[PDB]
>>> print(open('run.txt').read())   # compact mmCIF, C-alpha atoms and all ligand atoms
# COMPACT_ATOMS: atom_id res chain seq x y z
CA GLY A 6 -38.39 -18.45 -68.38
CA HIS A 7 -36.15 -20.13 -65.81
CA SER A 8 -32.40 -19.84 -66.05
CA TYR A 9 -29.76 -21.14 -63.67
CA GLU A 10 -27.57 -18.09 -64.48
CA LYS A 11 -30.16 -15.47 -63.47
CA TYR A 12 -32.17 -14.80 -60.34
CA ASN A 13 -35.64 -16.31 -60.77
CA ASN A 14 -38.83 -15.03 -59.16
CA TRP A 15 -40.92 -17.30 -56.94
CA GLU A 16 -43.46 -18.19 -59.61
CA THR A 17 -40.55 -19.34 -61.78
CA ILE A 18 -38.77 -21.28 -58.98
CA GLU A 19 -42.07 -22.93 -58.03
CA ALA A 20 -42.73 -24.00 -61.64
CA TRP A 21 -39.12 -25.19 -61.85
CA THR A 22 -39.55 -27.43 -58.80
CA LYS A 23 -42.48 -29.10 -60.57
CA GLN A 24 -40.72 -29.36 -63.95
CA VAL A 25 -37.32 -30.59 -62.69
CA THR A 26 -39.18 -33.31 -60.75
CA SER A 27 -41.32 -34.38 -63.71
CA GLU A 28 -38.25 -34.46 -66.00
CA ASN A 29 -36.16 -36.57 -63.58
CA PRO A 30 -38.53 -39.06 -61.87
CA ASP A 31 -35.76 -41.60 -61.13
CA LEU A 32 -33.73 -38.95 -59.26
CA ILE A 33 -36.15 -36.37 -57.82
CA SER A 34 -39.42 -36.32 -55.89
CA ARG A 35 -41.19 -33.23 -54.56
CA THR A 36 -43.30 -32.69 -51.42
CA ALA A 37 -44.59 -29.66 -49.49
CA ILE A 38 -43.49 -29.62 -45.83
CA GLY A 39 -45.96 -26.92 -44.82
CA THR A 40 -47.23 -23.50 -45.84
CA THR A 41 -45.88 -20.01 -45.22
CA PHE A 42 -47.61 -17.22 -43.31
CA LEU A 43 -49.24 -16.19 -46.62
CA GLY A 44 -50.20 -19.78 -47.49
CA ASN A 45 -47.49 -20.56 -50.04
CA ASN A 46 -46.41 -24.22 -50.27
CA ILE A 47 -42.93 -24.79 -48.88
CA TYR A 48 -41.51 -27.24 -51.45
CA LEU A 49 -38.80 -29.78 -50.72
CA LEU A 50 -36.91 -31.80 -53.32
CA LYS A 51 -35.61 -35.27 -52.44
CA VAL A 52 -32.64 -35.84 -54.78
CA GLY A 53 -31.19 -39.35 -55.09
CA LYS A 54 -31.68 -42.73 -56.68
CA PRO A 55 -33.98 -44.98 -54.60
CA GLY A 56 -32.32 -47.55 -52.38
CA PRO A 57 -32.64 -49.19 -48.99
CA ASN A 58 -31.92 -47.44 -45.69
CA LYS A 59 -30.17 -44.46 -47.29
CA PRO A 60 -28.64 -41.78 -45.09
CA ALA A 61 -29.54 -38.20 -45.98
CA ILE A 62 -28.08 -34.71 -46.16
CA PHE A 63 -30.46 -31.79 -45.68
CA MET A 64 -29.76 -28.46 -47.38
CA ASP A 65 -31.85 -25.29 -47.34
CA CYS A 66 -31.56 -21.95 -49.07
CA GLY A 67 -33.45 -18.70 -48.86
CA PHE A 68 -33.85 -18.26 -45.09
CA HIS A 69 -33.17 -14.55 -45.69
CA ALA A 70 -35.17 -12.93 -48.44
CA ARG A 71 -32.51 -10.60 -49.87
CA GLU A 72 -29.76 -13.26 -50.09
CA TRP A 73 -30.63 -14.11 -53.70
CA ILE A 74 -27.41 -16.00 -54.34
CA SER A 75 -28.53 -18.57 -51.74
CA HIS A 76 -31.72 -19.38 -53.65
CA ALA A 77 -29.68 -19.54 -56.85
CA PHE A 78 -27.30 -22.02 -55.27
CA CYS A 79 -29.95 -24.59 -54.30
CA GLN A 80 -31.16 -24.50 -57.87
CA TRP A 81 -27.57 -24.94 -59.11
CA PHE A 82 -27.05 -27.95 -56.88
CA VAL A 83 -30.06 -29.67 -58.45
CA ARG A 84 -28.83 -28.58 -61.92
CA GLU A 85 -25.53 -30.33 -61.17
CA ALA A 86 -27.21 -33.49 -59.83
CA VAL A 87 -29.39 -33.92 -62.90
CA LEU A 88 -26.73 -32.96 -65.44
CA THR A 89 -23.79 -34.97 -64.12
CA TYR A 90 -25.45 -38.05 -62.61
CA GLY A 91 -24.12 -41.08 -64.54
CA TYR A 92 -21.29 -39.09 -66.10
CA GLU A 93 -19.27 -38.00 -63.08
CA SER A 94 -18.13 -40.62 -60.55
CA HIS A 95 -18.54 -38.71 -57.28
CA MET A 96 -21.94 -37.17 -57.90
CA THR A 97 -23.17 -40.54 -59.10
CA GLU A 98 -21.93 -42.31 -55.98
CA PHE A 99 -23.41 -39.56 -53.78
CA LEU A 100 -26.86 -39.91 -55.31
CA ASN A 101 -26.78 -43.71 -55.37
CA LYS A 102 -25.86 -43.95 -51.67
CA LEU A 103 -27.39 -40.84 -50.05
CA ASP A 104 -30.50 -38.75 -50.43
CA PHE A 105 -30.28 -34.97 -50.54
CA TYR A 106 -33.20 -33.00 -49.29
CA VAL A 107 -33.01 -29.61 -51.02
CA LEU A 108 -35.34 -26.91 -49.72
CA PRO A 109 -34.85 -24.26 -52.42
CA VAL A 110 -36.58 -21.35 -50.66
CA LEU A 111 -37.65 -21.41 -47.01
CA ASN A 112 -38.84 -17.80 -46.65
CA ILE A 113 -41.00 -17.66 -49.76
CA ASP A 114 -43.13 -14.74 -48.56
CA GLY A 115 -40.06 -12.56 -47.92
CA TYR A 116 -38.54 -13.59 -51.26
CA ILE A 117 -41.67 -12.51 -53.17
CA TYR A 118 -41.54 -9.20 -51.26
CA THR A 119 -37.94 -8.60 -52.40
CA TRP A 120 -39.18 -8.90 -56.01
CA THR A 121 -42.31 -6.79 -55.65
CA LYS A 122 -41.62 -4.12 -53.03
CA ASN A 123 -38.28 -4.09 -51.23
CA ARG A 124 -35.09 -5.70 -52.52
CA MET A 125 -33.49 -5.44 -49.08
CA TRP A 126 -36.14 -7.31 -47.08
CA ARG A 127 -34.66 -9.97 -44.73
CA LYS A 128 -37.38 -11.35 -42.45
CA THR A 129 -40.62 -13.27 -42.89
CA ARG A 130 -43.82 -11.34 -43.65
CA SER A 131 -45.89 -12.31 -40.61
CA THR A 132 -47.56 -9.80 -38.31
CA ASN A 133 -46.56 -8.80 -34.77
CA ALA A 134 -48.81 -7.90 -31.83
CA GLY A 135 -48.89 -4.23 -30.76
CA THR A 136 -47.06 -2.84 -33.80
CA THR A 137 -47.38 -2.51 -37.56
CA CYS A 138 -43.79 -3.70 -38.02
CA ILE A 139 -43.64 -6.90 -40.02
CA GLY A 140 -41.68 -10.11 -39.79
CA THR A 141 -39.42 -12.33 -37.72
CA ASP A 142 -35.83 -13.28 -38.52
CA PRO A 143 -36.24 -17.02 -39.27
CA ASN A 144 -32.59 -17.58 -38.26
CA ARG A 145 -33.34 -16.20 -34.80
CA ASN A 146 -36.53 -18.28 -34.41
CA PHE A 147 -35.16 -21.74 -33.48
CA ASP A 148 -35.02 -23.27 -30.05
CA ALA A 149 -31.26 -22.71 -29.55
CA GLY A 150 -30.51 -20.31 -26.66
CA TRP A 151 -33.62 -18.62 -28.07
CA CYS A 152 -33.70 -14.80 -28.11
CA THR A 153 -30.59 -14.26 -26.10
CA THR A 154 -27.45 -12.89 -27.69
CA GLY A 155 -27.38 -11.31 -31.16
CA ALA A 156 -31.17 -11.45 -31.40
CA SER A 157 -33.57 -8.56 -30.82
CA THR A 158 -36.79 -8.53 -28.79
CA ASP A 159 -38.02 -5.59 -30.91
CA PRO A 160 -40.41 -6.70 -33.74
CA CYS A 161 -39.27 -3.66 -35.79
CA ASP A 162 -35.67 -4.93 -35.82
CA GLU A 163 -33.98 -7.05 -38.49
CA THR A 164 -32.92 -9.78 -36.01
CA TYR A 165 -36.29 -10.01 -34.23
CA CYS A 166 -36.49 -13.45 -32.59
CA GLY A 167 -40.27 -13.80 -32.89
CA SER A 168 -42.90 -14.20 -30.21
CA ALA A 169 -41.61 -17.68 -29.27
CA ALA A 170 -39.23 -20.27 -30.72
CA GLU A 171 -40.87 -21.76 -33.85
CA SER A 172 -43.56 -19.07 -33.84
CA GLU A 173 -43.15 -18.80 -37.61
CA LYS A 174 -44.96 -21.29 -39.82
CA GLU A 175 -41.81 -21.70 -41.94
CA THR A 176 -39.42 -22.53 -39.10
CA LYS A 177 -41.97 -24.81 -37.41
CA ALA A 178 -42.32 -26.63 -40.75
CA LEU A 179 -38.55 -27.06 -41.11
CA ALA A 180 -38.03 -28.14 -37.48
CA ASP A 181 -40.93 -30.61 -37.77
CA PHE A 182 -39.46 -32.14 -40.92
CA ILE A 183 -36.02 -32.49 -39.41
CA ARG A 184 -37.41 -33.97 -36.15
CA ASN A 185 -39.50 -36.45 -38.18
CA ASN A 186 -36.43 -37.53 -40.19
CA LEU A 187 -33.75 -37.36 -37.54
CA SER A 188 -32.74 -41.02 -37.82
CA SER A 189 -31.73 -40.58 -41.48
CA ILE A 190 -30.43 -37.00 -41.67
CA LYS A 191 -26.66 -37.05 -41.02
CA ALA A 192 -25.76 -33.50 -42.06
CA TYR A 193 -27.50 -30.14 -42.14
CA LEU A 194 -26.35 -27.39 -44.56
CA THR A 195 -27.90 -23.95 -44.57
CA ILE A 196 -27.01 -21.49 -47.30
CA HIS A 197 -26.74 -17.74 -46.67
CA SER A 198 -24.80 -14.73 -47.94
CA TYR A 199 -22.58 -12.78 -47.73
CA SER A 200 -18.97 -12.68 -46.39
CA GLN A 201 -17.44 -15.97 -47.65
CA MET A 202 -17.48 -18.30 -44.62
CA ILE A 203 -18.07 -21.88 -43.55
CA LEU A 204 -19.49 -21.73 -40.03
CA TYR A 205 -20.34 -24.49 -37.59
CA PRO A 206 -21.77 -24.46 -34.02
CA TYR A 207 -22.01 -22.67 -31.73
CA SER A 208 -23.34 -19.20 -32.33
CA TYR A 209 -25.86 -18.98 -29.47
CA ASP A 210 -23.13 -19.03 -26.79
CA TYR A 211 -19.33 -19.06 -26.71
CA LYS A 212 -18.99 -22.82 -26.39
CA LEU A 213 -17.74 -25.60 -28.64
CA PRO A 214 -19.36 -28.77 -29.99
CA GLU A 215 -17.88 -32.07 -28.77
CA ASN A 216 -16.61 -32.85 -32.28
CA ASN A 217 -15.07 -29.40 -32.68
CA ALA A 218 -11.73 -30.70 -33.99
CA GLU A 219 -13.46 -32.80 -36.64
CA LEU A 220 -15.70 -29.91 -37.75
CA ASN A 221 -12.80 -27.48 -37.78
CA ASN A 222 -10.69 -29.76 -39.96
CA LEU A 223 -13.56 -30.43 -42.32
CA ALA A 224 -14.42 -26.74 -42.71
CA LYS A 225 -10.73 -25.94 -43.25
CA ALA A 226 -10.47 -28.59 -45.97
CA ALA A 227 -13.74 -27.50 -47.62
CA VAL A 228 -12.50 -23.89 -47.69
CA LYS A 229 -9.26 -25.03 -49.35
CA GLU A 230 -11.20 -27.08 -51.89
CA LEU A 231 -13.47 -24.12 -52.72
CA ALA A 232 -10.41 -21.89 -53.29
CA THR A 233 -8.94 -24.28 -55.87
CA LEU A 234 -11.28 -23.03 -58.62
CA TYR A 235 -11.03 -19.22 -58.60
CA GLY A 236 -8.93 -18.44 -55.53
CA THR A 237 -11.96 -17.20 -53.58
CA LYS A 238 -10.99 -16.82 -49.91
CA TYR A 239 -13.30 -18.10 -47.20
CA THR A 240 -12.86 -18.04 -43.44
CA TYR A 241 -14.21 -20.77 -41.19
CA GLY A 242 -14.87 -21.74 -37.58
CA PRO A 243 -17.50 -21.71 -34.84
CA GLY A 244 -20.14 -19.08 -35.58
CA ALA A 245 -19.79 -17.03 -32.39
CA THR A 246 -16.11 -16.19 -32.96
CA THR A 247 -16.04 -16.41 -36.76
CA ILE A 248 -18.89 -14.03 -37.58
CA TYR A 249 -20.69 -12.95 -34.35
CA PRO A 250 -22.66 -14.43 -31.46
CA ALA A 251 -26.31 -14.95 -32.45
CA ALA A 252 -28.95 -17.10 -30.82
CA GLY A 253 -31.82 -19.09 -32.31
CA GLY A 254 -30.17 -20.30 -35.51
CA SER A 255 -31.08 -23.48 -37.32
CA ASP A 256 -27.48 -24.77 -37.54
CA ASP A 257 -27.10 -24.82 -33.74
CA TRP A 258 -30.58 -26.23 -33.29
CA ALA A 259 -29.96 -29.05 -35.75
CA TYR A 260 -26.64 -29.86 -34.08
CA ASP A 261 -28.36 -30.01 -30.66
CA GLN A 262 -30.81 -32.54 -32.17
CA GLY A 263 -27.80 -34.82 -32.78
CA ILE A 264 -26.95 -33.91 -36.38
CA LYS A 265 -23.17 -33.96 -36.08
CA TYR A 266 -22.28 -32.15 -39.31
CA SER A 267 -24.06 -28.79 -39.27
CA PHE A 268 -22.79 -25.86 -41.34
CA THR A 269 -23.88 -22.37 -42.33
CA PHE A 270 -22.37 -21.22 -45.63
CA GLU A 271 -21.96 -17.51 -46.35
CA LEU A 272 -21.47 -17.16 -50.10
CA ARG A 273 -19.95 -14.26 -52.11
CA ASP A 274 -19.00 -11.50 -51.82
CA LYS A 275 -17.11 -9.64 -49.06
CA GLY A 276 -19.20 -6.47 -49.35
CA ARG A 277 -18.54 -4.83 -52.72
CA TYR A 278 -22.05 -5.83 -53.84
CA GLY A 279 -23.18 -7.60 -50.66
CA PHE A 280 -26.75 -8.89 -51.10
CA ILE A 281 -27.07 -7.44 -54.60
CA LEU A 282 -24.45 -9.77 -56.05
CA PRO A 283 -24.70 -9.41 -59.83
CA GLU A 284 -26.10 -12.19 -61.99
CA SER A 285 -22.78 -12.28 -63.81
CA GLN A 286 -21.29 -13.88 -60.67
CA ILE A 287 -23.91 -16.64 -60.26
CA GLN A 288 -22.03 -19.27 -62.30
CA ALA A 289 -18.63 -18.78 -60.66
CA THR A 290 -20.10 -18.52 -57.17
CA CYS A 291 -22.17 -21.66 -57.59
CA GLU A 292 -19.41 -23.69 -59.24
CA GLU A 293 -16.84 -23.00 -56.50
CA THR A 294 -19.50 -23.58 -53.80
CA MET A 295 -20.27 -26.97 -55.40
CA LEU A 296 -16.70 -28.03 -54.65
CA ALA A 297 -17.10 -27.30 -50.93
CA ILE A 298 -20.54 -28.92 -50.76
CA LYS A 299 -19.29 -32.04 -52.55
CA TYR A 300 -16.26 -32.17 -50.25
CA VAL A 301 -18.51 -32.16 -47.18
CA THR A 302 -20.83 -34.73 -48.80
CA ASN A 303 -17.92 -37.05 -49.59
CA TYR A 304 -16.67 -36.72 -46.02
CA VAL A 305 -20.10 -37.60 -44.60
CA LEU A 306 -20.38 -40.61 -46.93
CA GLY A 307 -16.93 -41.81 -45.91
CA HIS A 308 -17.42 -41.45 -42.14
CA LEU A 309 -20.78 -43.07 -41.53
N1 LIG A 401 -26.13 -17.53 -36.04
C1 LIG A 401 -26.08 -18.82 -36.41
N2 LIG A 401 -26.74 -19.72 -35.69
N3 LIG A 401 -25.40 -19.21 -37.50
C2 LIG A 401 -24.74 -18.26 -38.41
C3 LIG A 401 -25.80 -17.52 -39.24
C4 LIG A 401 -25.20 -16.30 -39.93
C5 LIG A 401 -26.27 -15.46 -40.64
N4 LIG A 401 -25.65 -14.36 -41.37
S1 LIG A 401 -26.56 -13.44 -42.36
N5 LIG A 401 -26.85 -14.32 -43.65
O1 LIG A 401 -25.77 -12.27 -42.64
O2 LIG A 401 -27.81 -13.16 -41.69
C6 LIG A 401 -27.26 -14.98 -39.63
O3 LIG A 401 -26.97 -14.01 -38.89
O4 LIG A 401 -28.39 -15.52 -39.51
ZN ZN A 402 -28.65 -14.97 -44.14
ZN ZN A 403 -20.58 -27.39 -62.98
>>> encode(input="run.txt", output="structure tokens", more="lines below")
Ligand SMILES: N=C(N)NCCC[C@H](NS(N)(=O)=O)C(=O)O
Ligand SMILES: [Zn+2]
Ligand SMILES: [Zn+2]
Amino acid sequence: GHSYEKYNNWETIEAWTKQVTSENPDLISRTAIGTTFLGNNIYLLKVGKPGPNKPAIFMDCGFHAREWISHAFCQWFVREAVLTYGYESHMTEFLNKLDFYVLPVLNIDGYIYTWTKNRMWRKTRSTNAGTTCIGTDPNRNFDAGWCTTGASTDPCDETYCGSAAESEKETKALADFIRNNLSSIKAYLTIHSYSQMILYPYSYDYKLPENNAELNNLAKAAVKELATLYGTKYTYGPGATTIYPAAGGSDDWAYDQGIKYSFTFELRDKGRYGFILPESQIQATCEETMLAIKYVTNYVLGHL
């Protein structure tokens, strides 16, 4: 049984992608953008009412296997779209005018592994030459100052960059999709945990994007909007100085493709529970996060 207020295993999320699509044909379609190392279909939901020449926002969750609140959030976003479409003015406008691509779990193989073997797994589950150590950090595997700062060359390490940029089937699949849809995708949102942040480029070097002032102001406003609900405090800014320098991330890569609004979200908490955020916090976390995501969406829609 699927529930939006619990963490759902992959079999359940997969079945949910099929069911939520079938139940909402005028709002949702489903495709597979590729397969994981283990051969699992990487599902993508396109959320929006059909219309001509629609811009798009792309959002993924579940890069990192143990960040279960991320996976829960993508599901919550779709929950909100289907529940409130027609009833609530902003969500209705968003879905009438834009498409949202929601990739509920990128690193499916790692997610399954966190359910079956090791709750604290981070990386993919692919093999590495010359060692029995498993996996690549998908957020160190993009062509963005690849494998320099904040990324490890050691396959046994948690920030292993991989054998080459896009070596992983999952990150190749994501990069291919974004490249193939570059003319329509106006914003890229990538959901992680924890530490309560809205981050924008750059992380791969200490340098700033040309629209730094715009991104800074937008992140600042989205943080303030998030805080209105429960008082949850987020920090914000360029990744390198706001969290740490780290190369090969998808946010920086997407920005360097020309996607001008590119954000990494770090959801709750600030370390009390860390990755093992209790299910009792799913609702509040997702509801406040919705406010920030909708704020960014409204900004994008209003500044085309
Ligand atoms: N480093 C880039 N490009 N963006 C920020 C990503 C932050 C993210 N933090 S986490 N979820 O603790 O692993 C990461 O290090 O990949
Ligand atoms: Zn993460
Ligand atoms: Zn709600």
>>> atom_distance(input="run.txt", atom1="CA of residue 231 in chain A", atom2="CA of residue 297 in chain A")
5.1 Å
>>> residues_around(input="run.txt", residues="range 196-212 of chain A", least_positions_apart="3", cutoff="7 Å", atoms="all atoms listed in the file", output="ChimeraX atom specification")
/A:65-66,72,75,149-150,154,224,238-245,250-253,256-257,267-276,279-280
>>> closest_residue(input="run.txt", among="A:50, A:37, A:108, A:96", to="residue 296 in chain A", atoms="all atoms listed in the file")
A:96
>>> residues_near_ligand(input="run.txt", ligand="ligand ZN 403 (chain A)", cutoff="9 Å", atoms="all atoms listed in the file", output="PyMOL selection string")
chain A and resi 81-82+84-85+88-89+288+291-293+295
>>> atom_distance(input="run.txt", atom1="CA of residue 78 in chain A", atom2="CA of residue 9 in chain A")
8.8 Å
>>> residues_around(input="run.txt", residues="residue 147 in chain A", least_positions_apart="5", cutoff="10 Å", atoms="all atoms listed in the file", output="number ranges by chain")
A: 142, 152, 166-167, 169-173, 176-177, 179-180, 252-259
>>> closest_residue(input="run.txt", among="A:237, A:264, A:229, A:70", to="residue 300 in chain A", atoms="all atoms listed in the file")
A:229
>>> closest_residue(input="run.txt", among="A:15, A:182, A:21, A:73", to="ligand ZN 402 (chain A)", atoms="all atoms listed in the file")
A:73
>>> residues_near_point(input="run.txt", point="(-29.7, -11.2, -55.2)", cutoff="8 Å", atoms="only C-alpha atoms", output="list in words")
residues 12, 71, 72, 73, 74, 280, 281, 282, 283 and 284 of chain A
>>> write_last_selection(input="run.txt", atoms="C-alpha atoms", output="short mmCIF file (atom, residue, chain, number, x, y, z; two decimals), in the frame of the given file")
data_model
loop_
_atom_site.label_atom_id
_atom_site.label_comp_id
_atom_site.auth_asym_id
_atom_site.auth_seq_id
_atom_site.Cartn_x
_atom_site.Cartn_y
_atom_site.Cartn_z
CA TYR A 12 -32.17 -14.80 -60.34
CA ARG A 71 -32.51 -10.60 -49.87
CA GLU A 72 -29.76 -13.26 -50.09
CA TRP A 73 -30.63 -14.11 -53.70
CA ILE A 74 -27.41 -16.00 -54.34
CA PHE A 280 -26.75 -8.89 -51.10
CA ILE A 281 -27.07 -7.44 -54.60
CA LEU A 282 -24.45 -9.77 -56.05
CA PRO A 283 -24.70 -9.41 -59.83
CA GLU A 284 -26.10 -12.19 -61.99
#
>>> atom_distance(input="run.txt", atom1="CA of residue 266 in chain A", atom2="CA of residue 301 in chain A")
8.7 Å
>>> residues_near_point(input="run.txt", point="(-34.7, -41.8, -36.2)", cutoff="12 Å", atoms="all atoms listed in the file", output="PyMOL selection string")
chain A and resi 58+60-61+182-191+262-264
>>> closest_residue(input="run.txt", among="A:34, A:153, A:294, A:286", to="ligand LIG 401 (chain A)", atoms="all atoms listed in the file")
A:153
>>> residues_around(input="run.txt", residues="residue 48 in chain A", least_positions_apart="3", cutoff="12 Å", atoms="only C-alpha atoms", output="number ranges by chain")
A: 15, 18-23, 26, 34-41, 45, 51, 65-66, 106-113, 175, 178-179, 182
>>> write_last_selection(input="run.txt", atoms="C-alpha atoms", output="PDB file, in the coordinates of the input")
ATOM      1  CA  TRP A  15     -40.920 -17.300 -56.940  1.00  0.00           C
ATOM      2  CA  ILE A  18     -38.770 -21.280 -58.980  1.00  0.00           C
ATOM      3  CA  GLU A  19     -42.070 -22.930 -58.030  1.00  0.00           C
ATOM      4  CA  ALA A  20     -42.730 -24.000 -61.640  1.00  0.00           C
ATOM      5  CA  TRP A  21     -39.120 -25.190 -61.850  1.00  0.00           C
ATOM      6  CA  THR A  22     -39.550 -27.430 -58.800  1.00  0.00           C
ATOM      7  CA  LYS A  23     -42.480 -29.100 -60.570  1.00  0.00           C
ATOM      8  CA  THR A  26     -39.180 -33.310 -60.750  1.00  0.00           C
ATOM      9  CA  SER A  34     -39.420 -36.320 -55.890  1.00  0.00           C
ATOM     10  CA  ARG A  35     -41.190 -33.230 -54.560  1.00  0.00           C
ATOM     11  CA  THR A  36     -43.300 -32.690 -51.420  1.00  0.00           C
ATOM     12  CA  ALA A  37     -44.590 -29.660 -49.490  1.00  0.00           C
ATOM     13  CA  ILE A  38     -43.490 -29.620 -45.830  1.00  0.00           C
ATOM     14  CA  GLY A  39     -45.960 -26.920 -44.820  1.00  0.00           C
ATOM     15  CA  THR A  40     -47.230 -23.500 -45.840  1.00  0.00           C
ATOM     16  CA  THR A  41     -45.880 -20.010 -45.220  1.00  0.00           C
ATOM     17  CA  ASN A  45     -47.490 -20.560 -50.040  1.00  0.00           C
ATOM     18  CA  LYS A  51     -35.610 -35.270 -52.440  1.00  0.00           C
ATOM     19  CA  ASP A  65     -31.850 -25.290 -47.340  1.00  0.00           C
ATOM     20  CA  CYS A  66     -31.560 -21.950 -49.070  1.00  0.00           C
ATOM     21  CA  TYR A 106     -33.200 -33.000 -49.290  1.00  0.00           C
ATOM     22  CA  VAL A 107     -33.010 -29.610 -51.020  1.00  0.00           C
ATOM     23  CA  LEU A 108     -35.340 -26.910 -49.720  1.00  0.00           C
ATOM     24  CA  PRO A 109     -34.850 -24.260 -52.420  1.00  0.00           C
ATOM     25  CA  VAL A 110     -36.580 -21.350 -50.660  1.00  0.00           C
ATOM     26  CA  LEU A 111     -37.650 -21.410 -47.010  1.00  0.00           C
ATOM     27  CA  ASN A 112     -38.840 -17.800 -46.650  1.00  0.00           C
ATOM     28  CA  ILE A 113     -41.000 -17.660 -49.760  1.00  0.00           C
ATOM     29  CA  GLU A 175     -41.810 -21.700 -41.940  1.00  0.00           C
ATOM     30  CA  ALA A 178     -42.320 -26.630 -40.750  1.00  0.00           C
ATOM     31  CA  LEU A 179     -38.550 -27.060 -41.110  1.00  0.00           C
ATOM     32  CA  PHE A 182     -39.460 -32.140 -40.920  1.00  0.00           C
TER      33      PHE A 182
END
>>> decode(input="run.txt", residues="range 265-278 of chain A", atoms="N, CA, C and O atoms", output="mmCIF file, in the first residue's frame")
data_model
loop_
_atom_site.group_PDB
_atom_site.id
_atom_site.type_symbol
_atom_site.label_atom_id
_atom_site.label_comp_id
_atom_site.auth_asym_id
_atom_site.auth_seq_id
_atom_site.Cartn_x
_atom_site.Cartn_y
_atom_site.Cartn_z
ATOM 1 N N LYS A 265 18.818 28.654 -16.871
ATOM 2 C CA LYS A 265 19.217 29.805 -16.064
ATOM 3 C C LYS A 265 18.798 29.719 -14.608
ATOM 4 O O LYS A 265 19.369 30.405 -13.763
ATOM 5 N N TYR A 266 17.785 28.904 -14.334
ATOM 6 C CA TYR A 266 17.273 28.730 -12.969
ATOM 7 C C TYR A 266 17.594 27.293 -12.596
ATOM 8 O O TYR A 266 16.949 26.378 -13.085
ATOM 9 N N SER A 267 18.627 27.100 -11.779
ATOM 10 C CA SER A 267 19.100 25.773 -11.442
ATOM 11 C C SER A 267 19.359 25.767 -9.947
ATOM 12 O O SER A 267 20.160 26.558 -9.462
ATOM 13 N N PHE A 268 18.647 24.907 -9.217
ATOM 14 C CA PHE A 268 18.706 24.892 -7.757
ATOM 15 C C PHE A 268 18.814 23.477 -7.225
ATOM 16 O O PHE A 268 18.100 22.570 -7.684
ATOM 17 N N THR A 269 19.658 23.306 -6.207
ATOM 18 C CA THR A 269 19.656 22.122 -5.361
ATOM 19 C C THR A 269 18.946 22.480 -4.057
ATOM 20 O O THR A 269 19.313 23.458 -3.393
ATOM 21 N N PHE A 270 17.940 21.688 -3.686
ATOM 22 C CA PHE A 270 17.293 21.840 -2.387
ATOM 23 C C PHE A 270 17.871 20.805 -1.442
ATOM 24 O O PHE A 270 18.001 19.640 -1.802
ATOM 25 N N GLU A 271 18.207 21.231 -0.229
ATOM 26 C CA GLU A 271 18.505 20.319 0.876
ATOM 27 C C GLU A 271 17.358 20.437 1.852
ATOM 28 O O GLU A 271 17.171 21.489 2.462
ATOM 29 N N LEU A 272 16.592 19.367 2.014
ATOM 30 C CA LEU A 272 15.411 19.401 2.877
ATOM 31 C C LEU A 272 15.810 19.184 4.343
ATOM 32 O O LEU A 272 16.999 19.267 4.695
ATOM 33 N N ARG A 273 14.819 18.959 5.212
ATOM 34 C CA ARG A 273 15.040 18.762 6.652
ATOM 35 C C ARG A 273 15.892 17.514 6.904
ATOM 36 O O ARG A 273 15.913 16.615 6.060
ATOM 37 N N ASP A 274 16.558 17.415 8.066
ATOM 38 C CA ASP A 274 16.605 18.438 9.103
ATOM 39 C C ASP A 274 17.999 19.072 9.135
ATOM 40 O O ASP A 274 18.611 19.233 8.084
ATOM 41 N N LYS A 275 18.474 19.479 10.306
ATOM 42 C CA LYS A 275 19.813 20.068 10.418
ATOM 43 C C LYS A 275 20.774 19.109 11.105
ATOM 44 O O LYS A 275 21.858 19.511 11.523
ATOM 45 N N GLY A 276 20.382 17.838 11.213
ATOM 46 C CA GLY A 276 21.274 16.822 11.762
ATOM 47 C C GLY A 276 20.758 15.994 12.921
ATOM 48 O O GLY A 276 21.369 14.974 13.249
ATOM 49 N N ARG A 277 19.654 16.400 13.554
ATOM 50 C CA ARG A 277 19.141 15.589 14.673
ATOM 51 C C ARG A 277 18.872 14.148 14.216
ATOM 52 O O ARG A 277 19.337 13.198 14.848
ATOM 53 N N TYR A 278 18.143 14.023 13.110
ATOM 54 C CA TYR A 278 17.889 12.732 12.479
ATOM 55 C C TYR A 278 18.660 12.543 11.181
ATOM 56 O O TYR A 278 18.910 11.407 10.776
#
